[PDB]
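1. Model the structure of this input:
(chains A, B, C, D, E, F, G and H, ligands or ions: 14)
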Amino acid sequence: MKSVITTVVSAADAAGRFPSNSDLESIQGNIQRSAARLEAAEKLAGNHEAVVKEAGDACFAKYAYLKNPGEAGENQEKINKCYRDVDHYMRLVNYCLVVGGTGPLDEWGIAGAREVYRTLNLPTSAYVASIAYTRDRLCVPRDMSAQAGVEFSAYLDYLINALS
Amino acid sequence: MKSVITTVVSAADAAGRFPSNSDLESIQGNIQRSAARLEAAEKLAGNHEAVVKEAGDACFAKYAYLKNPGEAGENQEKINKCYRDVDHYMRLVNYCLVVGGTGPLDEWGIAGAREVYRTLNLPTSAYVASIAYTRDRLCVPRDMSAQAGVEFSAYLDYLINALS
Amino acid sequence: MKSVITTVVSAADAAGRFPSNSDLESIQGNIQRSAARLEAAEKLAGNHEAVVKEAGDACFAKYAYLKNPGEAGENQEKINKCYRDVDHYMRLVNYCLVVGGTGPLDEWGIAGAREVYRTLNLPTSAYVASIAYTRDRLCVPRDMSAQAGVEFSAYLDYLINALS
Amino acid sequence: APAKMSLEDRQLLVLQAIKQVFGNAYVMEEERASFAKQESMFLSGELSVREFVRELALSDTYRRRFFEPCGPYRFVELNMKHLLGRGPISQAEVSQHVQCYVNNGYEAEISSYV
Amino acid sequence: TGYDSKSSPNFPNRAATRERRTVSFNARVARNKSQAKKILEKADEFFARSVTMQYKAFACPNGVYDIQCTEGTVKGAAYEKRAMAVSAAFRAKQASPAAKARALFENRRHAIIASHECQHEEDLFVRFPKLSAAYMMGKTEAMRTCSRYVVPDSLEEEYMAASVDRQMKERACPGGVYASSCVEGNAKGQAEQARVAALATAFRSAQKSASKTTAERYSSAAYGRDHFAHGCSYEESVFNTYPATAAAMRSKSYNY
Amino acid sequence: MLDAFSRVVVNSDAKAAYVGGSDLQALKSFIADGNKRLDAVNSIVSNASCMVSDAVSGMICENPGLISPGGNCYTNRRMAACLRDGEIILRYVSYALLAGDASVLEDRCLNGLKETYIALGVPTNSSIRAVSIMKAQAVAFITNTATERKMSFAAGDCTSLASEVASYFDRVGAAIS
Amino acid sequence: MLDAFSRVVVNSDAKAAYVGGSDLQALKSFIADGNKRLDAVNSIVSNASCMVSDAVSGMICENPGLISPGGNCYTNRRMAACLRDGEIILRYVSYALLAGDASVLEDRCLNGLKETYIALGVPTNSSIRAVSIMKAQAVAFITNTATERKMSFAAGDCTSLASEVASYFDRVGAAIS
Amino acid sequence: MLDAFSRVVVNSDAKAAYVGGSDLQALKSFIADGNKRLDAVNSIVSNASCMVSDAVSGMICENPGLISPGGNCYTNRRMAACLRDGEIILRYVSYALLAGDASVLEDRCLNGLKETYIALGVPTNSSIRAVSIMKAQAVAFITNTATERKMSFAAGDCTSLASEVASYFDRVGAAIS
Ligand SMILES: *[C@@H](C)[C@H]1/C(=C/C2=NC(=C\c3[nH]c(C[C@H]4NC(=O)C(C=C)=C4C)c(C)c3CCC(=O)O)/C(CCC(=O)O)=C2C)NC(=O)[C@@H]1C
Ligand SMILES: *[C@@H](C)[C@H]1/C(=C/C2=NC(=C\c3[nH]c(C[C@H]4NC(=O)C(C=C)=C4C)c(C)c3CCC(=O)O)/C(CCC(=O)O)=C2C)NC(=O)[C@@H]1C
Ligand SMILES: *[C@@H](C)[C@H]1/C(=C/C2=NC(=C\c3[nH]c(C[C@H]4NC(=O)C(C=C)=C4C)c(C)c3CCC(=O)O)/C(CCC(=O)O)=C2C)NC(=O)[C@@H]1C
Ligand SMILES: *[C@@H](C)[C@H]1/C(=C/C2=NC(=C\c3[nH]c(C[C@H]4NC(=O)C(C=C)=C4C)c(C)c3CCC(=O)O)/C(CCC(=O)O)=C2C)NC(=O)[C@@H]1C
Ligand SMILES: *[C@@H](C)[C@H]1/C(=C/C2=NC(=C\c3[nH]c(C[C@H]4NC(=O)C(C=C)=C4C)c(C)c3CCC(=O)O)/C(CCC(=O)O)=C2C)NC(=O)[C@@H]1C
Ligand SMILES: *[C@@H](C)[C@H]1/C(=C/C2=NC(=C\c3[nH]c(C[C@H]4NC(=O)C(C=C)=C4C)c(C)c3CCC(=O)O)/C(CCC(=O)O)=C2C)NC(=O)[C@@H]1C
Ligand SMILES: *[C@H](C)[C@H]1/C(=C/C2=NC(=C\c3[nH]c(C[C@H]4NC(=O)C(C=C)=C4C)c(C)c3CCC(=O)O)/C(CCC(=O)O)=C2C)NC(=O)[C@@H]1C
Ligand SMILES: *[C@H](C)[C@H]1/C(=C/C2=NC(=C\c3[nH]c(C[C@H]4NC(=O)C(C=C)=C4C)c(C)c3CCC(=O)O)/C(CCC(=O)O)=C2C)NC(=O)[C@@H]1C
Ligand SMILES: *[C@H](C)[C@H]1/C(=C/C2=NC(=C\c3[nH]c(C[C@H]4NC(=O)C(C=C)=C4C)c(C)c3CCC(=O)O)/C(CCC(=O)O)=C2C)NC(=O)[C@@H]1C
Ligand SMILES: *[C@H](C)[C@H]1/C(=C/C2=NC(=C\c3[nH]c(C[C@H]4NC(=O)C(C=C)=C4C)c(C)c3CCC(=O)O)/C(CCC(=O)O)=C2C)NC(=O)[C@@H]1C
Ligand SMILES: C=CC1=C(C)[C@@H](Cc2[nH]c(/C=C3N=C(/C=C4\NC(=O)[C@H](C)[C@H]4CC)C(C)=C\3CCC(=O)O)c(CCC(=O)O)c2C)NC1=O
Ligand SMILES: C=CC1=C(C)[C@@H](Cc2[nH]c(/C=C3N=C(/C=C4\NC(=O)[C@H](C)[C@H]4CC)C(C)=C\3CCC(=O)O)c(CCC(=O)O)c2C)NC1=O
Ligand SMILES: C=CC1=C(C)[C@@H](Cc2[nH]c(/C=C3N=C(/C=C4\NC(=O)[C@H](C)[C@H]4CC)C(C)=C\3CCC(=O)O)c(CCC(=O)O)c2C)NC1=O
Ligand SMILES: C=CC1=C(C)[C@@H](Cc2[nH]c(/C=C3N=C(/C=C4\NC(=O)[C@H](C)[C@H]4CC)C(C)=C\3CCC(=O)O)c(CCC(=O)O)c2C)NC1=O
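-> Residues are numbered from 1 along each chain as shown, chains lettered A, B, ... in the order given. Ligands and ions are numbered 1, 2, ... in the order given. Take a look:
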């Protein structure tokens, strides 16, 4: 994967040179800003089945076009296919929020995503209108902290522009 | 070409990716330790020739056979050259602690060391005897501050380990 | 650009060889089924402008929700940004139903179409439905015969599965 | 005389600039053969038609014709008739072309005009 | 005097043409087509660079480095690799005028094999000398159809990886002479390095992953069937059962 | 490429001194404002689909000419690679924002970009209007005047740092013309 | 230069063979429509102030991005050279349509004209919309099948002179791009 | 790659397990003692040339049969290649000093060497003993019992980090035998 830590050691095994003060900053660096970031990682999974249902509902007003006969989200049992998928993409980021990496964002989520989503016709902006609900319904006075809850929205964009 | 700033953004050209938030925490952790590397910078530049005169005549006695006629340092012109060629050892780490990584040292002083010390017949024992004198003749709380004793000391024996 | 001639003389040129009777026998099949394939070029010079109101308005009854401000067809002027792109696909298959093969289609027609549309929020599920009215409307006595009935319609089906 | 040289109509392009630069004088074929490097160096493409005109003027026959009998006002008007195709303007542009000869030589005098 | 120095009378100074015989063109045509020579040589050193640095993004498809980029393993020999890396260009510069002519068009042989699928690909490829002299290199350093990333599994295959490499020692010599391409050292600045650099990355040939080195036996196999074995089905029946014959034997334009 | 720590090494190597205390007052100004140097970059790359889209869809309303043939954007490949050409217009500047100089910009791509633009026939009236329409939207995500996008950051001012990217894309505008 | 009778004597000078009764039949059939050659040449220069001027009133009419600011046909310094550019291209084709050989058109006009548009930034898709007009009207002039101008000539076929002037338009076409 | 930062992540990925306060103490056990992690590794890479330099002359003063004619250290390649095989395996342990997992060292070097150490006769008894000459001093540098090079550290304890390094000399010592 791709983290704070293994981007530093990716240079030395290539070039063959041994770790001097090149490899002496970054691992010291995430002691200095992670206290709101480990605060943020439990903050998803403290109310996560509420925020599964808080995000994934509102796009069915803007995209109600599966309920007609002749689409993918046709009957009631596609809702069981729907909100199971809401349990999964936010799991990729709070796993990263203890580290500060973009690794399982790319190791698990979005690698090969444009191939499958035109094969099975996954509607792209129908996802993002439910997904950007969490981008906008946020009060960094009250809900989260503004030190690294903005880093959570500096990583929820990496869902959004790579799903677009 | 190898600093804290150009860690990932030279390899992000080999990634097809932007500076993401794996790439931006890692520089802020240098800034809390950037209040100890300028406290060694002009501290070295304020004692720049009194650390020449300490390290200089220490190494001429450790290998006394170079003052013989018909050796390398036979005359008087080449023995201020050996003051001149240990000058840039303690002048390139005066560049290198500013940039945080190993930038000015790995390209300008050390890159191909023994290939021009063997056909020139410069034995590097008489190089590093000047260094290993003042590698450990540097007290921590009285020459400078307390973190500055090992802010200096990452390249203090790595300069011998680049010749090793 | 990709037909019977523009792939069989590259195979003689990669093997460094003259035309023998291998590629002589395999190219004379171009002309007898061209006599009915060009009757679709003789068909819709006179209904290039009225079939786009029966089939380019056939992607709009199910997708009538997309005239909100913020969608693709947000204005009548953004149905005007549909009205040059939706009939290009029939015009780009009009360019290659001249040639027999599909060589003008896989240079500028589909060849890099969906690399823009997820960023300009354009779903191609309603792109297939525009020429899915042409998936049923071709007469077997009247328009052309059923010898070229699938030769009209597999080129319509060529522009389906390249969008998938 | 135009641009875009062939090899057939170099024979037009050369002697419609021999006749300009020598001032419609008679250049015999023994004097034509003294140009046999620089006339050859034009029909390569080493020399363009702006710089062949300098190379015709930097000959021995141009030095024999318009420098060895000709005094200092007769020198600077036969440069100007042949290299620029005009007469002098005032007194300031003759003495500025006098001291291009005296202080810094004759081959910089002719090539001041080109 | 009252001395003065203005600007130059010959400031372009003929910095555009020193072949000193044209085909008797003009003065205006000879200036701007020499201005096209200082432009259309300087996009040959762009378009081969600007997709091979995109082909260096296949070396990090996630973004971090695997052991594709084993550069110099022992610490001091990273700047020792750069001596014959820049002599790889210098010895390619001093190749013969009989060899420099065929380096153009036998780089153009497989250039239209890789660009038959799009007409926007082939027009750039037949308009540049040094594009497909690096593109054939730049495509095989990514999906690994050299021998640099492939190991012999069979000793059968190690008898056939060692069967055509001496045919790549055949065409690096026209007689008893040796060429400038199959060399091994330049100034005895090494001791044993071209065998040291081989078996350091021949260690890397069998330990990246398993799935790194199994679809490359379905990448390189149909590669040589498309490129070389399309005209002889005896030649692809040594290719499919043994993929240590299709990632080995090369094009003739760049040598050995 | 380099960094702006080593750009002062370019300001010191030809004189060859021991680097003192008085001449890092703009280099300890780099660590004083280095949070603010990095507090600008996240509203660029969060808006990675916003910044590219109005660069091309701003061109079509203000210049409807090139869409019709005989024009520099006609195909879909002329939409899929023209938006991709502005991808690395932004990306090769996106390393230089945190750095502080021209260490990564002109040595790696803009050593002659106009000698690449001539051989395919790239219209430089479109190129100047590319890099000016995104530099005008770059600092508008910094000065908090976007027509939708409103952040929640710390207080202060980056009118000192507004001439960082303004001095970047005018050099990107220099090499394309 | 060369013409259609100068071509055959240098075709046969490589053989060093006398031109006798073999290839004189192609040139004794030159003069049978030798009047029809000249009767088509004055059809070009009759309406030539209209011929260069619907090449700018139709080309900009379906591509108005060339007169955009910064464009290739923007300013009126360029437009006076652009009508100067199109009228010599019509001039050298009529020199080669008359003499029946292309070797006054390629060697005196066209060698270097590839890099007139390389060295200036003049495009290629613009100039083929300004020369596919002229390949269409000059074969519609010489039939007198046009709409407005009606040359009342003698009746009879002239389509050998249609493909004769058509060979120059890809000879000017493959050279410029 | 994966760190110890990600080895605790893929010990929860199978059972759909969201992380809580007792799951981020698998990595806040790291970082608040991670100032010692910066204080541990940088002094065994400083003295890193004399690790193998005592592990060769000390190897033959404890076993003088390795330099025998036919031995694996007699030829002058086979001592100049012998310190290549052990200097970077300190760095492979030093890659696990920074990380905390040992799944990179068996998967960048040790996946295929013990079956090639038989394929040219590299011995298996002093495989783990050639680890076991610098195995004293590298644990004794991070815990500061060293006599010739005693350090000036921020004092305290690394004994839980000394069983971290005692796990990884054998983890590169397992896959060589
Ligand atoms: C004296 C006790 C020494 C010794 C010194 C000599 N050094 C000679 C040349 C030399 N040294 C360096 C390295 C150093 N100087 C730099 O400027 C830089 C960075 C750019 C570094 C790392 C260089 C580059 C040179 C060459 C320049 C020159 O010739 O002055 C030298 C003369 C060469 C010779 O001996 O033939 C001497 C005597 N030599 C000794 O025997 C002990 C070890
Ligand atoms: C509403 C009717 C449709 C829809 C239409 C839109 N298409 C838009 C842009 C567009 N279309 C194409 C494809 C076509 N045009 C070409 O020039 C060529 C190749 C020669 C092809 C195949 C392209 C390339 C583009 C982008 C640039 C352009 O306009 O040419 C478009 C504008 C985007 C917007 O307004 O947001 C619209 C609305 N899209 C839909 O989702 C519905 C079903
Ligand atoms: C002008 C360019 C900007 C602006 C910049 C300022 N930022 C200030 C403080 C600041 N911002 C951050 C967040 C930064 N650190 C990170 O790790 C990440 C994620 C990658 C980001 C975005 C930090 C940590 C700080 C320092 C103190 C704090 O937490 O607030 C700031 C205050 C002055 C100062 O730096 O001391 C300014 C002026 N502010 C603006 O108005 C525009 C948007
Ligand atoms: C001189 C004005 C002659 C004349 C010449 C002819 N022009 C012919 C075709 C043609 N006309 C135009 C311009 C026109 N087409 C447009 O699309 C627009 C506006 C946007 C205009 C003003 C063009 C560009 C072309 C040819 C390119 C093509 O084929 O697409 C032509 C042949 C047809 C005809 O008989 O008109 C001739 C003879 N026509 C005249 O009326 C005067 C006498
Ligand atoms: C490099 C000079 C270091 C350093 C290293 C240390 N080596 C330590 C112990 C040790 N050394 C050897 C080799 C030595 N013993 C012999 O019998 C022979 C010759 C036949 C030699 C060259 C051995 C075998 C051992 C023991 C290792 C083990 O038990 O497996 C050592 C620990 C002892 C001590 O602290 O005094 C250290 C620290 N010493 C230094 O400080 C520099 C930096
Ligand atoms: C066991 C491995 C060691 C040991 C470990 C401890 N280190 C402690 C603190 C500490 N060390 C550093 C320096 C580190 N940061 C850097 O930037 C660089 C390189 C230039 C290094 C080496 C720092 C910054 C700290 C934090 C507090 C301080 O400044 O001293 C420590 C105290 C507890 C703690 O981690 O906070 C311990 C126990 N010390 C030893 O004596 C053995 C050998
Ligand atoms: C000084 C002893 C005299 C005197 C001399 C002046 N001569 C002036 C100009 C001039 N003189 C000549 C003749 C001589 N100079 C040459 O360069 C050549 C060769 C071609 C010769 C035979 C010429 C051609 C000129 C050029 C005309 C000019 O310079 O304007 C002169 C300048 C007058 C003025 O400023 O216009 C002077 C003063 N005159 C004296 O009073 C004493 C007796
Ligand atoms: C197949 C026969 C190829 C070929 C392979 C060789 N490469 C050699 C050295 C070498 N090659 C690269 C480039 C490689 N690294 C990358 O990141 C990418 C792109 C993703 C590529 C293609 C590097 C960095 C090195 C340096 C390692 C070293 O040798 O020190 C090589 C050894 C000879 C040499 O180049 O000096 C071979 C045989 N070489 C070829 O000519 C064909 C096209
Ligand atoms: C000395 C204490 C050892 C010992 C070491 C030897 N190793 C020898 C050769 C060799 N080593 C490796 C692994 C090395 N190459 C790599 O690329 C990497 C990691 C990136 C490592 C660690 C390889 C692959 C080879 C084969 C040669 C090659 O590199 O192509 C060696 C030379 C053997 C010989 O030449 O006969 C020695 C002596 N041998 C011992 O007995 C002790 C245990
Ligand atoms: C999905 C319903 C299947 C399944 C599919 C997978 N196949 C995977 C990798 C893979 N596939 C092939 C065969 C394919 N590659 C070719 O070159 C050719 C033709 C010659 C074909 C048909 C190969 C050779 C490989 C290995 C990859 C490589 O060579 O680089 C694959 C990837 C595994 C992974 O992501 O780790 C999948 C998921 N697997 C399933 O579970 C069901 C049955
Ligand atoms: C893991 C993520 C996570 C969250 C985001 C919150 C989600 C959340 N939002 C609200 C509920 C609310 N939250 C707000 C506050 C705001 N709404 C806005 O649109 C403003 C931007 C912002 C001001 C700071 C308001 C006004 C309501 C009531 C309206 C509503 O959203 O239903 C509530 C009900 C209790 C409350 O009022 O706070 C909860 C649990 N909890 C979580 O566990
Ligand atoms: C940046 C480079 C730099 C230096 C090298 C010193 C240089 C220096 N050394 C000494 C002088 C001294 N400094 C020491 C101190 C020590 N000797 C040791 O071996 C121990 C490691 C250390 C104790 C911590 C001693 C013992 C002397 C007296 C002997 C001598 O002059 O060398 C003095 C006189 C005042 C003082 O004692 O500090 C100075 C200015 N200062 C600098 O600014
Ligand atoms: C490019 C596409 C293209 C077309 C579809 C027609 C468009 C078209 N549709 C109809 C009109 C019609 N055409 C048909 C014929 C048929 N309807 C079907 O469902 C069958 C496929 C087919 C019989 C074999 C029928 C039934 C109508 C009347 C209903 C209608 O409007 O479609 C007419 C009137 C005369 C006629 O019937 O042809 C025309 C010109 N022309 C075109 O150029
Ligand atoms: C696939 C594209 C392709 C071509 C278009 C041709 C063109 C071509 N010819 C030659 C190479 C040559 N071409 C000729 C040909 C001739 N010399 C004469 O005196 C005659 C007029 C004429 C043929 C009878 C000769 C003699 C050489 C070899 C040059 C030499 O060694 O002297 C080369 C260099 C090949 C090399 O050695 O690398 C190339 C590319 N060959 C190709 O491979």
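2. Please count neighbours and contacts with C-alpha atoms only from this point.
-> Noted.
3. Any idea which residue of chain F lies closest to ligand 9?
-> Per CA to the nearest ligand atom, the residue of chain F with the smallest distance to ligand 9 is residue F:1, at 27.5 Å.
4. Could I get the contacting residues of that residue?
-> By CA atoms under 8 Å, 6 or more residues apart in numbering or on different chains, the contact set of residue F:1 is B:1, B:6, B:10, F:103-104, F:107-108.
5. Quick check: the closest residue to residue E:24 other than its chain neighbours vs ligand 5, distance?
-> Closest residue to residue E:24 apart from its sequence neighbours, by CA to CA, 6 or more residues apart in numbering or on different chains: residue D:45 at 5.4 Å. Remark: distance between residue D:45 and ligand 5 (CA to the nearest ligand atom, to the nearest Å) = 73 Å.
6. Residue D:45: neighbouring residues, count only.
-> By other CA atoms under 10 Å in any protein chain shown, 20 other residues sit near residue D:45.
7. So what does it look like in phi/psi?
-> Main-chain dihedrals, residue D:45, degrees, to the nearest 10: phi 130, psi 10.
8. and stretch E:216-234, anywhere near chain C?
-> Yes. Under the criterion of CA under 8 Å from any CA of the partner chain, chain C is reached by stretch E:216-234 at E:227, E:230-231.
9. from those residues, which is closest to residue G:113?
-> For the residues of stretch E:216-234 next to chain C, the residue nearest residue G:113 by CA to CA is residue E:227; the value is 38.0 Å.
10. Could you turn the buried ones of the contacts of residue F:1 into a PyMOL selection?
-> To isolate in PyMOL the members of those that are buried, counting by 16 or more other CA atoms under 10 Å in any protein chain shown, one can use:
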select buried, (chain B and resi 1+6+10) or (chain F and resi 103+104)
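11. Including distance to residue B:98, could the contacts of residue F:1 go into a markdown table?
-> Listed next are these as a markdown table, based on distance: CA to CA, whole Å:
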| residue | distance to residue B:98 |
| --- | --- |
| B:1 | 13 |
| B:6 | 14 |
| B:10 | 19 |
| F:103 | 17 |
| F:104 | 19 |
| F:107 | 23 |
| F:108 | 24 |
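12. got a list of what the residue nearest to residue E:24 touches?
-> Here residue D:45 is in contact with E:20-26 (CA under 8 Å, 6+ apart).
13. and of these, the nearest to ligand 1?
-> residue E:20 (42.7 Å).
14. Now do the SS call for the closest one.
-> coil (DSSP: H, G, I helix; E, B strand; the rest coil).
15. Residue D:46 is in contact with that one, correct?
-> Yes. At 5.2 Å, residue E:20 and residue D:46 qualify as touching, with contact defined as CA atoms under 8 Å.
16. could you say which helix or strand contains residue 150?
-> The chain I'm using is chain A. Using DSSP states H and E, residue A:150 sits in helix A:149-152.
17. not what I meant, chain E
-> Per DSSP H and E, there is no helix or strand for residue E:150.
18. burial of it, as a residue count?
-> For residue E:150, the neighbour count with other CA under 10 Å is 23.
19. how much space is there between the nearest residue to it once chain neighbours are set aside and residue E:148?
-> Leaving aside its chain neighbours, residue E:150 sits nearest to residue E:205 (5.1 Å; criterion: CA to CA, 6+ apart). Counting by CA to CA, to the nearest Å, the gap from residue E:205 to residue E:148 is 7 Å.
20. Buried ones from the contacts of residue D:45, can you make that a PyMOL selection?
-> Here is the PyMOL command that picks out the buried ones among the contacts of residue D:45, judged by 16+ other CA under 10 Å:
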select buried, chain E and resi 24+25+26
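21. Quick one: the contacts of residue D:45 as JSON lines, columns for distance to ligand 5 too.
-> JSON lines is the format used below for the contacts of residue D:45 (distance: CA to the nearest ligand atom, whole Å):
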{"residue": "E:20", "distance to ligand 5": "67"}
{"residue": "E:21", "distance to ligand 5": "70"}
{"residue": "E:22", "distance to ligand 5": "70"}
{"residue": "E:23", "distance to ligand 5": "73"}
{"residue": "E:24", "distance to ligand 5": "75"}
{"residue": "E:25", "distance to ligand 5": "75"}
{"residue": "E:26", "distance to ligand 5": "75"}
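22. can you list the contacts of residue D:45 in CSV and add distance to residue G:17?
-> Listed next are these as CSV, based on distance: CA to CA, whole Å:
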residue, distance to residue G:17
E:20, 36
E:21, 32
E:22, 31
E:23, 28
E:24, 29
E:25, 31
E:26, 34
